[PDB]
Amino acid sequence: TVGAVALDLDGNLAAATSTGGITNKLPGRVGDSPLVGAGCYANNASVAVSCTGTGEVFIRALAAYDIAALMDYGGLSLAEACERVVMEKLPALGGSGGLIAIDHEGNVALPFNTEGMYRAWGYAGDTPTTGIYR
């Protein structure tokens, strides 16, 4: 599973997610990656999110949109919303994984509850950071 979120110089947010799914997958299974609000969501009023982990749980908790809803309706910070969803609600359902999120203010979060998440980020005209482990 791979993903990208971006805030551009004009204040627009976008997200994308792509996957081959899981090793030994039952043919016909669909995880969170292609489902709007589960594995992918973007809204200029809130946040761009791409998810990765136990796809069944990201669907049942609508992880991507839940970040957006907590911020939009709840008034939570990007950091509060990410902590709630990734660190509390997903594990409560037996979910593991993480996501990348950029809010309308260009705040960035890359939460995960797993041992690893292949990830990288950087501000435009600035030096990028990569990451594997915590």
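For every residue, the number given is its place in the sequence shown, counted from 1.
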> With respect to the recorded C-alpha B factors, which stretch has the higher mean value, 68 to 76 or 36 to 44?
Replying inline: 68 to 76
> Would 84 to 92 or 23 to 31 have the larger average of its C-alpha temperature factors, as given in the entry?
Replying inline: 84 to 92
>> Quick check on the deposited entry: does the C-alpha B-factor of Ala101 sit in the lowest, middle or highest third of its chain?
In response: middle
>> Quick check for you: using the entry's CA B-factors within this chain, is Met117 in the lowest, middle or highest third?
In response: middle
> Where does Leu9 sit by CA temperature factor within its chain: lowest, middle or highest third?
Replying inline: highest
> Looking at the C-alpha B-factor of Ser50, is it in the lowest, middle or highest third of its chain?
Replying inline: lowest
>> Ranking every modelled residue in this chain by its Cα temperature factor as given in the entry, which third contains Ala15?
In response: lowest
